[PDB]
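Proteins come first, then strands; the chains are lettered A, B, ... in the order of their sequence lines, and each starts at number 1. The figures that follow rest on heavy atoms only: side chains count, while hydrogens, waters and symmetry mates do not.
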Amino acid sequence: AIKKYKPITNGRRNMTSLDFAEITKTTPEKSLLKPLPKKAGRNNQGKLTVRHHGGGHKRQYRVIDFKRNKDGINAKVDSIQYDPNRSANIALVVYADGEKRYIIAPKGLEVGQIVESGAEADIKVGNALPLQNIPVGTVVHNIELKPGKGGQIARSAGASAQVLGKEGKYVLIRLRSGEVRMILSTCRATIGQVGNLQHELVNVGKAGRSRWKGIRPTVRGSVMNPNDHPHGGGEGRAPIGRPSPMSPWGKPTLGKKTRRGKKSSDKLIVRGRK
Amino acid sequence: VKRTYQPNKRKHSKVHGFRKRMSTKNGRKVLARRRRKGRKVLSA
RNA sequence: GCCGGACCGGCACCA
RNA sequence: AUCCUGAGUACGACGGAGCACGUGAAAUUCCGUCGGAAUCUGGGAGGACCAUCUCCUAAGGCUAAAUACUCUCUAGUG
RNA sequence: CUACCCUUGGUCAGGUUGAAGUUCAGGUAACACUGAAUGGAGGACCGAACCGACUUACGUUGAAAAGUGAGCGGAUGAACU
RNA sequence: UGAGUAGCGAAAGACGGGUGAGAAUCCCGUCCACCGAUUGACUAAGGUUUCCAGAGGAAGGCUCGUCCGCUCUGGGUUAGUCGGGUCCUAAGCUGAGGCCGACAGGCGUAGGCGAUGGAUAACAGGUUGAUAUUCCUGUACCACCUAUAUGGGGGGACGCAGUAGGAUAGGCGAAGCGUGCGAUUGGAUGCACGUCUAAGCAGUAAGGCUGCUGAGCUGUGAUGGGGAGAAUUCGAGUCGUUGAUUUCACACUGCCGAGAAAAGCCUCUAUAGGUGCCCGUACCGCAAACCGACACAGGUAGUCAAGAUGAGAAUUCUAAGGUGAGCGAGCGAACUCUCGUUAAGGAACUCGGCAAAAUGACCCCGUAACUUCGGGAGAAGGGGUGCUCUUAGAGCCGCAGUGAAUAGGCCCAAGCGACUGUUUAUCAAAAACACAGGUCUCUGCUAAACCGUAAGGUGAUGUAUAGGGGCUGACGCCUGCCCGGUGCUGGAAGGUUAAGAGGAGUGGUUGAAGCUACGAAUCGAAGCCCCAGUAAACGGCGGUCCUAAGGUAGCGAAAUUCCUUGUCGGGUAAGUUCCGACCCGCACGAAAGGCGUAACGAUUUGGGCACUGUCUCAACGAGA
RNA sequence: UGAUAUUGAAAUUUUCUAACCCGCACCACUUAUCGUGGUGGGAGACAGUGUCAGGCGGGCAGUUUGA
RNA sequence: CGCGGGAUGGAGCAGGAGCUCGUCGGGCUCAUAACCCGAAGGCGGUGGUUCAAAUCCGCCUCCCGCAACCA
Ligand SMILES: [K+]
Ligand SMILES: [K+]
Ligand SMILES: [K+]
Ligand SMILES: [K+]
Ligand SMILES: [K+]
Ligand SMILES: [K+]
Ligand SMILES: [Mg+2]
Ligand SMILES: [Mg+2]
Ligand SMILES: [Mg+2]
Ligand SMILES: [Mg+2]
Ligand SMILES: [Mg+2]
Ligand SMILES: [Mg+2]
Ligand SMILES: [Mg+2]
Ligand SMILES: [Mg+2]
Ligand SMILES: [Mg+2]
Ligand SMILES: [Mg+2]
Ligand SMILES: [Mg+2]
Ligand SMILES: [Mg+2]
Ligand SMILES: [Mg+2]
Ligand SMILES: [Mg+2]
Ligand SMILES: [Mg+2]
Ligand SMILES: [Mg+2]
Ligand SMILES: [Mg+2]
Ligand SMILES: [Mg+2]
Ligand SMILES: [Mg+2]
Ligand SMILES: [Mg+2]
Ligand SMILES: [Mg+2]
Ligand SMILES: [Mg+2]
Ligand SMILES: [Mg+2]
Ligand SMILES: [Mg+2]
Ligand SMILES: [Mg+2]
Ligand SMILES: [Mg+2]
Ligand SMILES: [Mg+2]
Ligand SMILES: [Mg+2]
Ligand SMILES: [Mg+2]
Ligand SMILES: [Mg+2]
Ligand SMILES: [Mg+2]
Ligand SMILES: [Mg+2]
Ligand SMILES: [Mg+2]
Ligand SMILES: [Mg+2]
Ligand SMILES: [Mg+2]
Ligand SMILES: [Mg+2]
Ligand SMILES: [Mg+2]
Ligand SMILES: [Mg+2]
Ligand SMILES: [Mg+2]
Ligand SMILES: [Mg+2]
Ligand SMILES: [Mg+2]
Ligand SMILES: [Mg+2]
Ligand SMILES: [Mg+2]
Ligand SMILES: [Mg+2]
Ligand SMILES: [Mg+2]
Ligand SMILES: [Mg+2]
Ligand SMILES: [Mg+2]
Ligand SMILES: [Mg+2]
Ligand SMILES: [Mg+2]
Ligand SMILES: [Mg+2]
Ligand SMILES: [Mg+2]
Ligand SMILES: [Mg+2]
Ligand SMILES: [Mg+2]
Ligand SMILES: [Mg+2]
Ligand SMILES: [Mg+2]
Ligand SMILES: [Mg+2]
């Protein structure tokens with residue numbers, strides 16, 4: 001659930017947090033941890049290419065099994081755990097051969113549950129199946145775009161998609177954004193909706209908490225100088241002063257569509273998100 | 001007041017040393033220029 | 001100036 | 001002159017460049033893209049181009065000397 | 001040097017306040033609810049080190065090409081190094 | 001020249017003795033004074049011989065100099081165990097093949113380099129002018145040598161805060177012991193110090209965790225050493241109390257922001273003799289040797305952390321130890337600076353209470369509007385602190401009892417910004433930036449956006465509860481009208497247009513064909529012209545007329561009001577500022593947000609109390 | 001954005017696979033998230049790229065803005 | 001103070017004089033209003049150009065818009 005802090009300080013005023021009740025183990029599986037140094041929005045040239053990234057708490061990467069390509073072997077949910085690298089919680093599952101893997105923790109999953117993957121698996125939360133074997137109307141997550149590549153769609157906390165139809169070698173799915181599109185029917189998806197539904201309800205509360213999350217401050221273009229931003233300059237406060245609001249790199253930034261044409265997915269996307 | 005030069009043997013050698021000059025074409029141009037001028041000291 | 005409608009509308013314009 | 005004599009070549013269109021020459025009536029030479037010949041009764045040039053005449057024979061290669069320079073060396077000069 | 005960042009280290013005398021929980025007690029049909037104790041949260045409070053630089057005096061061929069004296073802001077954090 | 005002028009760089013010295021050609025300035029001594037969370041002690045960087053001894057006094061030293069971080073000569077740094085290499089990896093750098101790129105080159109795989117981190121065997125004492133965990137003495141340990149006898153797993157391995165404990169270091173007291181001393185100033189017979197000793201090795205062990213771990217203790221090490229001491233030999237290591245900031249130990253509890261890697265290591269597939277390399281080691285080191293042109297009031301990471309007082313590493317005086325600061329001597333004018341005091345008055349000073357004064361600790365009473373119920377709050381305002389004796393009383397003394405030093409001034413009201421934070425290094429710290437929160441928009445993943453010619457990257461080892469961009473800026477109540485114009489989104493293929501396709505036809509040349517220069521219908525996309533929607537898009541919200549529409553709520557002489565010191569009220573004796581109203585808004589107005597708002601502010605503004613040399617109006621004193 | 005080259009094969013925009021493409025899976029080189037080959041799968045004569053063309057283009061540039 | 005725009009029946013607007021309301025008369029109504037039917041009624045001025053002036057030249061009396069500064 002969400003716990004709301006008492007206003008002991010001006011910083012704590014209106015601040016909220018998750019109570020982490022659904023978390024059963026507060027420590028991670030050592031054999032599944034990898035180092036994850038920070039890039040701070042800087043590329044292989046050392047230059048800053050994405051703004052507002054830097055600092056933040058140190059994090060260790062948890063190896064996540066997005067593929068779910070271990071069929072015919074039942075796995076038991078060992079625990080539900082915190083993952084600093086994604087909005088969703090993760091699930092430690094133990095296969096019958098003893099191998100341990102991390103999966104995205106779906107909503108309603110509990111310690112002791114049995115999960116499986118494969119064409120013959122039952123339609124139950126946590127089971128991974130090819131989209132060809134999932135009935136129409138089913139809520140799924142962690143949807144592959146290419147067979148064997150691993151889940152890429154509907155992985156965020158509370159994300160889900162609905163299987164709409166089966167046309168030829170493609171399956172029609174509606175995504176969280178509202179876009180309805182075709183996905184190759186041999187691609188896999190996990191039954192259910194991603195957990196941690198109240199992640200979006202958190203009131204960060206103070207600037208320092210964003211800093212802990214690694215977000216550096218955003219400076220508005222209108223309070224810069226003309227050599228820094230198209231919105232820069234002017235005496236006193238100024239309105240936009242041009243026909244359209246501009247990005248820092250001189251491109252219209254309000255309503256201008258940026259999806260490129262001549263994409264192969266143009267034929268696969270049926271309805272746009274709007 | 002803290003001044004600009006804070007000497008550091010390692011930094012000096014790594015930035016201005018003979019091997020650093022050798023590692024780039026323009027650094028070798030520096031060394032050639034100093035040899036042509038007849039400098040006693042070619043590098044750090 | 002060139003062309004389509006009833007001047008309008010696009011295109012063209014290196015003494 | 002029975003046979004051979006350099007083919008994606010010569011050449012052309014477009015975009016450029018080099019030619020003293022700024023696309024010009026612009027021949028002549030080269031690059032990219034795309035098209036694309038002829039075969040001694042042949043082919044090219046003579047400043048758009050045509051005809052006649054005249055000269056020449058591309059799309060293979062090699063080649064000293066007269067020319068350019070001076071950190072140097074030797075012998076000297078103002 | 002300075003700005004920002006990456007990896008890996010280090011530092012913060014002492015006082016004060018008393019969040020969430022917990023327990024006991026009342027209380028209920030069951031919850032709510034209440035008091036006491038416990039508990040020790042906070043870009044919390046006062047204040048040295050440390051980090052700053054608001055006011056003022058001095059200095060202005062300086063002790064110093066930006067400082068000194070006296071107060072002053074922060075001082076477990078978006079801290080300083 | 002200025003001119004024998006300014007200056008000679010924070011400060012306490014005095015005298016005796018010595019040396020010497022020469023002494024305030026060098027050496028020795030006594031007394032005095034200064035630092036002492038340090039002006040003490042030890043590491044690191046940096047410097048690179050400045051280190052030591054003898055000698056010297058030209059120049060350097062802000063004076064002098066017999067002296068020196070200066071000159072001459074000769075010396076000085078010792079390691080199997082300390083730090084680094086012969087071990088490990090992080091960021092990063094580099095990179096066989098490879099990918100990319102006019103060239104030059106850029107990137108990158110395996111791999112490699114790379115500590116600020118991991119691993120790793122030695123301690124105590126003595127000794128020199130200069131080195132010492134390095135030499136020497138005693139006692140050890142580690143690796144290797146000689147003789148007798150490759151895959152799996154685990155682990156390494158980790159944040160932040162807080163609490164209760166064990167132990168030890170250290171402090172204090174009694175003097176239990178020991179060593180001294182025993183006072184010519186009235187008195188007493190008491191006064192002052194010391195009270196230890198390692199690694200290693202055996203035994204053990206408070207705890208902690210679910211048998212493994214574990215600080216420490218005991219013995220040995222050690223008839224050795226070190227010792228306040230007596231004249232080379234002899235000499236004490238005991239009781240109590242307090243108790244860590246060290247260690248057990250990131251052990252335990254709690255929290256969210258969820259906290260390296262790799263190797264060494266583990267596990268599953270004795271004795272004896274001998275050997276043990278390279279680099280560093282001097283000295284300075286919060287500075288006269290480093291960074292600041294200086295023997296420069298500045299800057300420079302970590303460690304050690306005594307007593308009295310105290311909450312304290314605050315304050316004052318001291319310990320260990322160190323220092324008296326590289327010009328002096330007089331005089332005690334103006335003036336300047338830094339300090340102290342001041343009759344009567346008390347902000348009359350001034351742009352402004354600027355500066356100063358006042359407040360200040362601990363203990364107990366007591367505490368308002370408003371509030372987001374946390375606060376406001378240390379609100380405000382009041383009482384008590386000395387010493388002695390009895391066990392809360394009784395006394396004693398002073399002008400005064402936190403008798404020194406150090407330690408919030410407070411209140412009322414208004415603007416702005418919610419708040420902590422950030423900023424113009426070096427004239428601006430703010431009302432500016434950021435912020436949590438809001439909204440709009442882009443983005444279906446080889447995402448959008450961004451860097452790059454590309455390859456390769458960031459985004460992200462993320463996936464719409466996500467990422468980028470614009471505006472607004474906690475919170476509360478809210479955010480009205482206009483889509484005509486511009487932008488954006490979506491329609492339509494009606495018109496307009498390019499390459500290219502196409503060749504009607506025309507000319508030059510030779511009656512032609514041929515070659516040649518042009519060349520007209522017709523076809524040929526996006527865009528634009530057109531339609532629609534869109535205002536937390538750009539913008540606009542007038543002057544019966546016109547428009548796309550003519551300002552809703554709220555606010556208003558305002559950080560906006562020109563006239564203007566608008567007008568009225570309050571506050572003052574007197575108020576161009578201030579507060580409260582009015583509305584005639586030159587020229588407010590709803591996310592370039594409107595109106596409010598508790599808390600917060602080295603913010604701006606007005607008033608009051610306290611207080612004062614700010615002032616009437618200056619005077620005296622201390623020092624440079 | 002169009003033409004054209006790479007660029008093919010059949011119907012009448014649709015189909016196909018074989019060029020081209022895959023920051024798609026498995027395998028080997030090979031203790032390898034690069035690369036190269038092999039096999040599947042996806043996509044496909046589109047995309048990408050070259051040449052030519054039209055449009056947008058204070059994002060950036062050179063300049064002008066009289067006496 | 002500089003530049004520019006406006007004065008139209010009685011009112012607001014068009015501009016070499018028309019729309020709406022206003023007035024008058026009649027009608028409808030118990031009466032009024034609304035409504036309906038008829039009639040009348042106008043270029044701000046001062047001088048000039050001009051065959052001829054609301055129209056054009058300059059100015060006059062007011063209103064209205066931009067601007068009235070670098071010190
Ligand atoms: K040409
Ligand atoms: K750091
Ligand atoms: K050194
Ligand atoms: K005198
Ligand atoms: K967004
Ligand atoms: K529009
Ligand atoms: Mg951002
Ligand atoms: Mg600015
Ligand atoms: Mg600009
Ligand atoms: Mg602007
Ligand atoms: Mg403005
Ligand atoms: Mg030719
Ligand atoms: Mg030939
Ligand atoms: Mg310390
Ligand atoms: Mg604080
Ligand atoms: Mg403080
Ligand atoms: Mg600063
Ligand atoms: Mg100060
Ligand atoms: Mg404060
Ligand atoms: Mg002179
Ligand atoms: Mg004199
Ligand atoms: Mg003089
Ligand atoms: Mg004088
Ligand atoms: Mg003087
Ligand atoms: Mg001095
Ligand atoms: Mg010191
Ligand atoms: Mg010496
Ligand atoms: Mg001298
Ligand atoms: Mg010497
Ligand atoms: Mg490389
Ligand atoms: Mg020494
Ligand atoms: Mg030494
Ligand atoms: Mg030096
Ligand atoms: Mg100094
Ligand atoms: Mg200093
Ligand atoms: Mg410092
Ligand atoms: Mg002190
Ligand atoms: Mg000195
Ligand atoms: Mg007085
Ligand atoms: Mg008095
Ligand atoms: Mg008074
Ligand atoms: Mg006054
Ligand atoms: Mg006065
Ligand atoms: Mg003051
Ligand atoms: Mg006090
Ligand atoms: Mg603020
Ligand atoms: Mg602040
Ligand atoms: Mg400044
Ligand atoms: Mg300032
Ligand atoms: Mg704003
Ligand atoms: Mg429209
Ligand atoms: Mg609308
Ligand atoms: Mg005005
Ligand atoms: Mg406004
Ligand atoms: Mg609005
Ligand atoms: Mg607005
Ligand atoms: Mg605002
Ligand atoms: Mg005062
Ligand atoms: Mg004096
Ligand atoms: Mg420009
Ligand atoms: Mg030029
Ligand atoms: Mg002029």
Side-chain angles (χ1 to χ4, degrees), chain A residues 3 5-15 17 20 26-28 30 34-51 53-61 64 82-88 145-149 151-159 175-177 179 181 184 186 194 196-201 203-213 216-223 230-231 237-259 262 265 269 273, chain B residues 1-9 25:
Chain A
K3 65 201 294 298
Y5 291 123
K6 291 189 127 93
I8 54 158
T9 62
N10 272 348
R12 270 290 167 96
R13 224 180 258 289
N14 311 127
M15 190 186 278
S17 173
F20 307 114
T26 66
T27 84
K30 179 172 174 161
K34 274 180 101 213
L36 195 73
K38 309 275 212 265
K39 311 257 176 53
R42 280 148 169 101
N43 71 345
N44 53 357
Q45 305 153 328
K47 303 166 62 169
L48 195 147
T49 73
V50 175
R51 302 181 309 169
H53 284 233
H57 201 292
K58 197 198 196 141
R59 299 186 181 154
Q60 288 271 266
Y61 188 67
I64 309 288
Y82 187 84
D83 193 334
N85 311 287
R86 73 202 63 255
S87 52
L145 271 180
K146 300 180 193 193
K149 186 166 177 189
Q152 289 177 271
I153 315 294
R155 319 198 310 194
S156 208
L175 307 176
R176 258 301 289 205
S177 72
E179 158 191 305
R181 80 165 266 157
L184 297 150
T186 57
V194 184
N196 216 19
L197 260 77
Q198 291 192 321
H199 160 84
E200 85 202 337
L201 295 178
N203 192 307
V204 175
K206 68 175 167 152
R209 200 151 166 218
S210 306
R211 301 308 304 279
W212 308 337
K213 289 148 96 218
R216 290 199 85 246
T218 295
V219 174
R220 290 166 298 113
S222 64
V223 294
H231 296 184
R237 290 213 177 78
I240 295 301
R242 23 200 307 158
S244 157
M246 296 321 284
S247 91
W249 307 269
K251 304 215 220 160
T253 193
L254 200 83
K256 176 100 192 141
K257 285 173 163 73
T258 57
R259 171 180 171 88
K262 289 167 196 280
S265 66
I269 289 142
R273 75 177 179 266
Chain B
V1 177
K2 185 188 182 134
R3 293 312 169 178
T4 65
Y5 184 49
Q6 300 301 316
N8 185 307
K9 292 167 175 90
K25 183 102 100 193

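- Atom pair A:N203:CG and F:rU465:P shows a separation of 18 Å (rounding to whole Å applied).
- Using Watson-Crick or G-U wobble geometry with both donor-acceptor distances under 3.5 Å, F:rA329 finds no partner in any strand shown.
- Base pairing of F:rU359 is not made with any nucleotide, judged by Watson-Crick or G-U wobble geometry with both donor-acceptor distances under 3.5 Å.
- F:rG194 and F:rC177 are base-paired, meeting the Watson-Crick or G-U wobble geometry with both donor-acceptor distances under 3.5 Å.
- A donor-acceptor contact under 3.5 Å is formed by the side chain of A:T49 with the base of F:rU458.
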Between A:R181 and A:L145, does a side-chain contact (heavy atoms from CB on, under 4.5 Å) hold up when you go through it step by step?
CA-CA 11 Å; A:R181 80 165 266 157; A:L145 271 180; 3.6 Å; yes
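- Against the 90° criterion about 0, the sugar-base torsion of E:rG42 places it in the anti range.
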Which atom pairs, one a donor and one an acceptor, fall under 3.5 Å between side chains of residues 239-249 of chain A and the rest of the protein, sequence neighbours left out?
unit_1, atom_1, unit_2, atom_2, d
A:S247, OG, A:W249, N, 3.0
A:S247, OG, A:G250, N, 3.4
A:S247, OG, A:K251, N, 3.3

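- In this structure, A:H199 places its NE2 atom 8 Å from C1' of F:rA466, rounding to the nearest Å.
- In this structure D:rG32 sits in a base pair with D:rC14, meeting the Watson-Crick or G-U test at under 3.5 Å.
- Remark: F:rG613 does not pair with F:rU453, failing the Watson-Crick or G-U wobble criterion at under 3.5 Å for both atom pairs.
- Bases of consecutive nucleotides F:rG491 and F:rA492 are stacked, their six-membered rings being centred less than 5.5 Å apart at a plane angle below 30°.
- Remark: F:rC26 base-pairs with F:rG18. Criterion, Watson-Crick or G-U wobble with two distances under 3.5 Å.
- Nucleotides F:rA37 and F:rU509 fail the base-pair criterion, which asks for a Watson-Crick or G-U wobble arrangement whose two donor-acceptor distances both fall under 3.5 Å.
- Side-chain contact between A:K38 and A:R59 is present, with heavy atoms from C-beta onward closer than 4.5 Å.
- Contact of the A:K39 side chain with the A:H53 side chain is not registered, since no non-hydrogen atoms from C-beta on lie closer than 4.5 Å.
- In terms of the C1'-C2'-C3'-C4' torsion, F:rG403 has a south-puckered sugar. The angle is below zero.
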Each nucleotide N or O in nucleotides 260-262 of chain F that has a protein N or O under 3.5 Å away: list the pair and distance.
unit_1, atom_1, unit_2, atom_2, d
F:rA260, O4', A:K58, NZ, 3.2
F:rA260, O3', A:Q60, OE1, 3.3
F:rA261, OP1, A:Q60, OE1, 3.4

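- When the nearest nucleotides of RNA chain F are assigned to A:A40 and A:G205 by heavy-atom distance, the more 5′-ward of the two goes with A:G205.
- Neighbouring nucleotides F:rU453 and F:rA454 stack on each other, with six-membered ring centres less than 5.5 Å apart and ring planes inclined by less than 30°.
- Here the side chain of A:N196 pairs a donor or acceptor atom with the backbone of A:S87 at under 3.5 angstrom.
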Just by protein heavy atoms under 4.0 Å, how would nucleotides 73-81 of chain E read 5' to 3' in B, S and -?
-----B---
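- Atom CG of A:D83 is separated from atom P of F:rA466 by 14 Å (rounded to the nearest Å).
- Base contact: A:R42 has a heavy atom under 4.0 Å from a base atom.
- Consecutive bases F:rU246 and F:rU247 are counted as stacked, their six-membered rings lying with centres under 5.5 Å apart and planes tilted under 30°.
- Using a 4.5 Å cut-off on side-chain heavy atoms (C-beta onward), A:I64 and A:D83 make contact.
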Reading nucleotides 469-474 of chain F from 5' to 3' and marking B where a protein heavy atom lies under 4.0 Å of the base, S where only the sugar-phosphate is that close, and - otherwise, the string is BSSBB-
Between the protein and nucleotides 293-301 of chain F, list every N/O to N/O distance that falls short of 3.5 Å.
unit_1, atom_1, unit_2, atom_2, d
F:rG298, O2', B:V1, N, 2.8
F:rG298, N2, B:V1, O, 2.9
F:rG298, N3, B:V1, N, 3.1
F:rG299, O4', B:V1, N, 3.3

Test log, rule side-chain contact (heavy atoms from CB on, under 4.5 Å), inputs A:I269 and A:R259
CA-CA 12 Å; A:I269 289 142; A:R259 171 180 171 88; 3.4 Å; yes
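- Pairing between F:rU534 and F:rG487: present (Watson-Crick or G-U wobble, both distances under 3.5 Å).
- Under the Watson-Crick and G-U wobble criteria, each requiring two contacts below 3.5 Å, nucleotide G:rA53 is paired to G:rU1.
- Interface remark: the A:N43 side chain does form a donor-acceptor pair with the F:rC451 base, using a distance-only criterion of under 3.5 Å.
- With a 4.5 Å cut-off on side-chain heavy atoms, A:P84 and A:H57 do not count as touching.
- Summarising the base pairing, F:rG229 is matched to F:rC234 through a Watson-Crick or G-U wobble pair whose two defining distances lie under 3.5 Å.
- Counting heavy atoms from C-beta outward, A:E200 and A:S156 have side chains that stay 4.5 Å or more apart.
- A Watson-Crick or G-U wobble pair links F:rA348 with F:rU614, both defining distances under 3.5 Å.
- You'll find the side chain of A:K206 reaches within 4.5 Å of the side chain of A:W212, heavy atoms only.
- Of the listed nucleotides (F:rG257, F:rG444, E:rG42), F:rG257 has the atom at the smallest distance from the side chain of A:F20.
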Assign a letter to each nucleotide of nucleotides 94-113 of chain F from its 5' end: B, base within under 4.0 Å of a protein heavy atom; S, sugar-phosphate only; -, no contact.
----------SS-SS-----
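- One atom, CE of A:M15, and another, P of F:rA599, lie 21 Å apart when rounded to the nearest Å.
- Proximity of A:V204 to A:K213: side-chain heavy atoms (C-beta onward) are separated by under 4.5 Å at one or more points.
- Between F:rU77 and F:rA96 there is no base pair of the Watson-Crick or G-U wobble kind with both of its two distances under 3.5 Å.
- The bases F:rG214 and F:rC578 are not paired as Watson-Crick or G-U wobble with both atom distances under 3.5 Å.
- Stacking check, D:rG6 with D:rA7: criteria not both met, so the pair falls outside the 5.5 Å centre and 30° angle limits.
- Stacking of the bases of E:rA63 and E:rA64 is indicated, with six-membered ring centres separated by less than 5.5 Å and ring planes inclined by less than 30°.
- Atom CG of A:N10 is separated from atom P of F:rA418 by 13 Å (rounded to the nearest Å).
- In this structure, NZ of B:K9 is placed 10 Å from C1' of F:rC290, rounded to the nearest angstrom.
- Base pairing of F:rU572: no nucleotide in any strand meets the Watson-Crick or G-U wobble criterion (both distances under 3.5 Å).
- With rounding to whole Å, A:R86 atom CZ is found 14 Å from F:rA258 atom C1'.
- Under the 3.5 Å cutoff applied to both distances, F:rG524 and F:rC181 fail to qualify as a Watson-Crick or G-U wobble pair.
- Per the geometry, CD belonging to A:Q152 stands 17 Å off P belonging to F:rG467, to the nearest Å.
- No hydrogens or angles were tested; on distance alone, nothing pairs the side chain of A:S265 with the base of F:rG444 as donor and acceptor under 3.5 Å.
- Under a 3.5 Å cut-off, the side chain of A:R209 and the backbone N or O of A:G205 do not form any donor-acceptor pair.
- In this entry F:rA610 has no Watson-Crick or G-U wobble partner, no candidate having both defining distances under 3.5 Å.
- Applying the 3.5 Å cutoff to both bonds, F:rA222 and F:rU341 do not register as a Watson-Crick or G-U wobble pair.
- Both geometric conditions, a ring-centre gap below 5.5 Å and a plane tilt below 30°, are fulfilled for A:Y61 over the base of F:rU461.
- Taken together, F:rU561 and F:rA548 do not qualify as a Watson-Crick or G-U wobble pair under the 3.5 Å criterion applied to both distances.
- Heavy-atom nearest nucleotides on RNA chain F were determined for A:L145 and for A:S87, and the one closer to the 5' end corresponds to A:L145.
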